[PDB]
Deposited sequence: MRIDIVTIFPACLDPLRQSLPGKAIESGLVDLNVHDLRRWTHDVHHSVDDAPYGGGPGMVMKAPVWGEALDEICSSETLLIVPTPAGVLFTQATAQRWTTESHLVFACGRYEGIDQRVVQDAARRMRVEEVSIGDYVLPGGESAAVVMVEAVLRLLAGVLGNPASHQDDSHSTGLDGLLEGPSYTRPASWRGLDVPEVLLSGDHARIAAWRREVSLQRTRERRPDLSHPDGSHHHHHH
């Protein structure tokens, strides 16, 4: 897999060189290139943003700049990913489907986002996805791209979770549930399913 991340904060993608994503890169399973968007600006101040049409707070990322960068990096085979709070929710099923892609391109936005026409134009020659990682506001798309890349890479390198325990058997007056010490696989699997189900009912009823 080839991954290209376009941003004005290249340093923010450095966690990808570490741990599991770093091993996937080093071993040759993933080619990861991080690009500073300012390398496609032709002005003296290297401007990437400009004032919104119709007014409003904040700035908008210029389409010509984004368009130039995407022209050089993408192909018709590219899956262009635009992290945004306006997108569809990223899920494990999305991570799973993205492991079948040959070339992922993450267009990380800053300010109030990227000019909508960058996406309309890109969609003329490639598949484009506007994706959110969850119902919260981030200052930019880089940390969301780390999350999305890590989820994909962990699958490449290969109900709510119940409680887990390890040694000691007793710690600060807290005992590991006796069932885990029973030596009975079937009783353990049934107990793990029940506790996983109770946690799901309590914390995520939408998952049941």
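Chemist: In sequence order, what intervals of the deposited sequence carry no C-alpha positions?
Modeler: In the chain as deposited, 159 to 177, 228 to 238 carry no coordinates.
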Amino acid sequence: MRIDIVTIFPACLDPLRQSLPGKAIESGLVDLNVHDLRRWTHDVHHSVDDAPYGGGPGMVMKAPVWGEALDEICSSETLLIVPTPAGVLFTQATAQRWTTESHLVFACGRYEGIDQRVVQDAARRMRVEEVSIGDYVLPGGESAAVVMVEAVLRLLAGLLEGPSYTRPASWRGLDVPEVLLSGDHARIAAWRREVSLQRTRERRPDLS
From here on, numbers count along this sequence of modelled residues.
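Chemist: So 129 to 137 or 111 to 119, which one's hotter by mean CA B-factor in the entry?
Modeler: So the stretch with the higher mean C-alpha B-factor is 111 to 119.
Chemist: Which wins on mean Cα temperature factor, 159 to 167 or 29 to 37?
Modeler: Of 29 to 37 and 159 to 167, the stretch with the higher C-alpha B-factor average is 159 to 167.
Chemist: Please pick out which of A144, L181, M61, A69 has the largest Cα B-factor as recorded in the entry.
Modeler: The C-alpha B-factor peaks, among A144, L181, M61, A69, at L181.
Chemist: Between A151, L174, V44, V65, where does the Cα B-factor run highest in the record?
Modeler: Among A151, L174, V44, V65, the PDB entry lists the largest C-alpha B-factor for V44.
Chemist: By its CA B factor, does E202 count among the lowest, middle or highest third of the modelled residues in the chain?
Modeler: Within its chain, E202 is a middle-third residue by C-alpha B-factor, going by the deposited values.
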